[PDB]
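Protein chains in written order, with our numbering: chain A, 90 to 227; chain B, 6 to 303; chain C, 4 to 450.
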Ligand code: NFU
Ligand code: SF4
Ligand code: SF4
Ligand code: SF4
Ligand code: FES
Ligand SMILES: [Fe+3]
């Protein structure tokens, strides 16, 4: 009766290509996520993650190049520093750290992207809906 | 020009800053017909045909909600007066707890409190709304004056502009503009993070580059930067600029980006979360009710 | 029948008065309700303890200095640091300037409209604008007093509202000799205006006595105020309690406040009802604020205030229990604070650069006490080893006059109201005049 609402941010170069690779390979995974394209994972910031939770996101995914393989050299290192703060900020807000998932996925890694989507879906499905959207609506 | 003020979940500071017009308060009141103001006059009901309304404080209880709606109906122009009305302010930290936790502390478990039947005040008093809300979240707000409290001149410019019929316009840059402290032209790099009691801050060097979480970079100008001038980091009380919605999120983004930037690929990304014990209190002092996530879930 | 005075006006914060009548029409129950609360005591848990002087000023925009200093003192005990003397003088300097601003604000802009027009129908006239139109020089003196006090705060605290200089171990910045020089130059005018304020106070309280209003809300109680060898002090010393006959019951350090003070809860007000826990709810009623501080003190600390205070004691004795004479005590403190500003600006240690000591090991417990303009103010913080607040308790000034205000408004109703027809606009405003005499700050009292 209820399906997780998951939001994804994937870099254009590596992770967005990994999601394409999974589609070319007919690698099925749950239809919860919607992916938003950015050029680089360094484009991702806390406000975008928090904005998604505000809108109703039960889980948030971010995918970028492997560390060192950034198409723009070092965008992912900035993103990695931000997401570690964001994990613990989400806890101070009573949002399970597990509701946020960041992975490093290259364009060739369609299989890894498939199981990442499956592992994250099951994790969020077991957590149940995130109750933020329904508290603000009181 | 009939104007009215009122206050909600604030501390009266915005009204006091209005009185800190000093001599100019009289010149202001000569040109304006003040028809309602609880702190200064005895008009009990908000009259009809109010042209301008200054509403201080955010929404903290059911009575605040009804007054905000009544003033919106009665007033032509509603102004969010101060940071509490605009962003939620310091009382917004109450959103980190349930009302039950807020009330049980004040009226049961405080050390000096004595309440044998364990009652929570409930007669002739309003209940709290579920969370502190900015004024714009419950009514339509036409203008706002940021600041905790807004400086007196800024209050003067906004109102006189509206008396003249011109739109008020706030300053738009972040705080480093007004601040007299010196930056590195090579850019901000942060080696370690210090709590404001640690070390001896150099009077002329930017406090953020010294390692102190300073909110000047994520805070609108206008105040004159008295806190960094006086030897302490900016706490962000004026709120974000027009191009930032979540002041705390942007400060975190900036802080994380430049932490260990000189050693970008090797600095451990877990040093920064572990060195900050109170994160919401570091970055959301005055604006938590207006953040994307304005509460702690329980 | 039921009548409501809401909002109570020309006070800080949200309060209302209820008057109910039974089936016979006879006066039945009269209550003072405070209808606001924000919960600072709970949401301070989890914050950095050194940020407490940043949050607690936002309890109130009038007395933000008092909270800033009370939290700083508590923080100074949480860390095991003793601030250097120059820091002590700067904080007290800022404290006196704030008291000048607060007392002037209340007597002139909140209280005086009733003292000038106690029996008027013209409600749009009972405000500073009404005073300014018929006696403009009085409101301009009020403004110049506030401007002088706030100016002291801005210079020493960095901001006139919500100061930030009081940090762990002392002050974040020092006072410069040029700033010291112009503040000292300006201090003389503040003292003169305070003397003139006392004289107008005499005139307007005479007008009040002429109308048989000087004894409204009268009852007898204990009185609490901080003294320094029995000398009136707003910044440092021990808390002294005097019983209704003037006998000193106890003298205790503020760190022991919990062994002497208890706060009760009633269902009809967010404002609690303190009392001397030793004496109990009814016999332990005490008051704080201007007049209570005079009753407990042996003498004032400044010469000009001593003279008016001696003259006042000769006329009304010790202790004085009249609510409306809190106004006159407020004007004496107004002068004494003005004098103390000058005295502190003349103390050559005011411009010292040794303004802060390095914070020591974290004790984890700290109590900070100061006499706010509206009574004894206590900040009690407890932290963990990282200095993160785990528990806070705030006994904030006006809360301790809430029993006095609740008793007072019903004794005003007993004197003037027998039937609903007696609750005229002027009589209902009498009830608010009893409230206003105590200078209540209801955002502060509830926090
Ligand atoms: N004076 C004062 Fe407050 Ni606004 C009260 N009541 C203080 O701590
Ligand atoms: S803004 Fe700063 S000042 Fe104006 S009210 Fe909310 S808190 Fe008191
Ligand atoms: S201090 Fe706070 S404000 Fe002055 S510069 Fe460094 S940051 Fe921008
Ligand atoms: S500085 Fe940061 S804090 Fe001090 S005022 Fe300007 S804004 Fe409010
Ligand atoms: S472009 Fe993919 S992480 Fe930078
Ligand atoms: Fe309390």
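Where a beta carbon is used, it is the ideal one built from N, C-alpha and C, also for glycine.
Chain B within 8 Å of residue i, Cβ atoms only
{"i": "residue 197 (chain A)", "result": "no"}
{"i": "residue 121 (chain A)", "result": "no"}
{"i": "residue 142 (chain A)", "result": "yes"}
{"i": "residue 220 (chain A)", "result": "yes"}
{"i": "residue 134 (chain C)", "result": "no"}
{"i": "residue 372 (chain C)", "result": "no"}
{"i": "residue 452 (chain C)", "result": "Nothing about residue 452 (chain C) can be read from this structure; chain C reaches only from 4 to 450."}
{"i": "residue 176 (chain C)", "result": "yes"}
{"i": "residue 382 (chain C)", "result": "no"}
{"i": "residue 125 (chain A)", "result": "no"}
{"i": "residue 184 (chain A)", "result": "yes"}
{"i": "residue 224 (chain A)", "result": "yes"}
{"i": "residue 57 (chain C)", "result": "yes"}
{"i": "residue 79 (chain C)", "result": "no"}
{"i": "residue 166 (chain A)", "result": "yes"}
Candidates the options, of which the one nearest residue i by Cα
{"i": "residue 223 (chain B)", "options": "B:39, B:103, B:241", "result": "B:241"}
{"i": "residue 178 (chain B)", "options": "B:54, B:7, B:227, B:39", "result": "B:227"}
{"i": "residue 201 (chain A)", "options": "A:179, A:128, A:152, A:143", "result": "A:152"}
{"i": "residue 142 (chain A)", "options": "A:226, A:219, A:227", "result": "A:219"}
{"i": "residue 196 (chain C)", "options": "C:45, C:371, C:340", "result": "C:340"}
{"i": "residue 284 (chain C)", "options": "C:406, C:70, C:115, C:414", "result": "C:406"}
{"i": "residue 270 (chain C)", "options": "B:160, B:134, B:123, B:48", "result": "B:123"}
{"i": "residue 186 (chain C)", "options": "C:200, C:355, C:156", "result": "C:156"}
{"i": "residue 449 (chain C)", "options": "C:404, C:141, C:262", "result": "C:404"}
{"i": "residue 421 (chain C)", "options": "C:10, C:52, C:19, C:23", "result": "C:23"}
{"i": "residue 190 (chain C)", "options": "C:171, C:238, C:100, C:111", "result": "C:100"}
{"i": "residue 248 (chain B)", "options": "A:216, A:136, A:180, A:97", "result": "A:136"}
{"i": "residue 90 (chain C)", "options": "C:357, C:205, C:418", "result": "C:357"}
Heavy atom of ligand 7 within 7 Å of residue i beta-carbon
{"i": "residue 295 (chain B)", "result": "With respect to small molecules bound, the structure shown includes ligand 1, ligand 2, ligand 3, ligand 4, ligand 5 and ligand 6 and not ligand 7."}
Nonlocal neighbours in the same chain, by C-beta distance under 7 Å from residue i, ignoring five residues either side
{"i": "residue 176 (chain A)", "result": "186, 189"}
{"i": "residue 289 (chain B)", "result": "253, 296"}
{"i": "residue 410 (chain C)", "result": "222"}
{"i": "residue 439 (chain C)", "result": "13, 14, 113, 114, 117"}
{"i": "residue 234 (chain B)", "result": "185"}
Own chain partners of residue i with C-beta closer than 8 Å, once the 5 adjacent residues on each side are dropped
{"i": "residue 387 (chain C)", "result": "367, 393"}
{"i": "residue 225 (chain A)", "result": "143"}
{"i": "residue 20 (chain C)", "result": "7, 8, 9, 11, 33, 34, 35, 36, 412, 431, 434, 435, 438"}
{"i": "residue 325 (chain C)", "result": "217, 218, 221, 294, 319"}
Contact with chain C by residue i, beta-carbon distance below 8 Å
{"i": "residue 197 (chain B)", "result": "no"}
{"i": "residue 127 (chain B)", "result": "yes"}
{"i": "residue 139 (chain B)", "result": "no"}
{"i": "residue 153 (chain B)", "result": "yes"}
{"i": "residue 289 (chain B)", "result": "no"}
Chain-ordered neighbours of residue i on chain C, where CB pairs are closer than 7 Å
{"i": "residue 112 (chain B)", "result": "268"}
{"i": "residue 117 (chain B)", "result": "261, 264, 265, 266, 396, 398"}
Integer Cβ distance of residue i from residue j, believed to fall under 8 Å
{"i": "residue 279 (chain C)", "j": "residue 329 (chain C)", "result": "So it is not a contact: roughly 20 Å between Cβ atoms."}
{"i": "residue 64 (chain C)", "j": "residue 189 (chain B)", "result": "Incorrect: roughly 37 Å between the Cβ atoms, too far for contact."}
{"i": "residue 208 (chain C)", "j": "residue 118 (chain C)", "result": "7 Å"}
{"i": "residue 48 (chain C)", "j": "residue 194 (chain C)", "result": "So it is not a contact: roughly 43 Å between Cβ atoms."}
{"i": "residue 37 (chain C)", "j": "residue 16 (chain C)", "result": "7 Å"}
{"i": "residue 95 (chain A)", "j": "residue 194 (chain A)", "result": "Not really, about 15 Å apart at Cβ, beyond 8 Å."}
{"i": "residue 244 (chain B)", "j": "residue 91 (chain B)", "result": "6 Å"}
{"i": "residue 57 (chain B)", "j": "residue 81 (chain B)", "result": "7 Å"}
{"i": "residue 50 (chain C)", "j": "residue 286 (chain B)", "result": "4 Å"}
{"i": "residue 1 (chain C)", "j": "residue 152 (chain C)", "result": "Since the displayed chain C opens at 4 and closes at 450, residue 1 (chain C) lies outside it and no answer follows."}
Chain C contact residues for residue i, given Cβ-Cβ distances below 9 Å
{"i": "residue 134 (chain B)", "result": "Within chain C, no residue comes near residue 134 (chain B); the closest Cβ sits about 12 Å away, beyond 9 Å."}
Beta-carbon proximity list for residue i, same chain, < 6 Å, skipping 5 on both sides
{"i": "residue 210 (chain A)", "result": "119, 121"}
{"i": "residue 38 (chain B)", "result": "7"}
Listed by chain order, chain B residues near residue i by CB distance under 7 Å
{"i": "residue 135 (chain A)", "result": "254, 257, 258"}
Contacts of residue i in chain B (Cβ-Cβ under 9 Å)
{"i": "residue 130 (chain A)", "result": "What residue 130 (chain A) touches in chain B: nothing, since even the nearest Cβ is about 13 Å away."}
Neighbouring residues, chain B, relative to residue i (Cβ below 8 Å)
{"i": "residue 153 (chain C)", "result": "25"}
{"i": "residue 139 (chain A)", "result": "251, 254, 296, 297, 298"}
Partners in chain A for residue i, counting only beta-carbon separations shorter than 8 Å
{"i": "residue 284 (chain B)", "result": "174, 177, 178, 181"}
Contact with chain A by residue i, beta-carbon distance below 8 Å
{"i": "residue 270 (chain B)", "result": "yes"}
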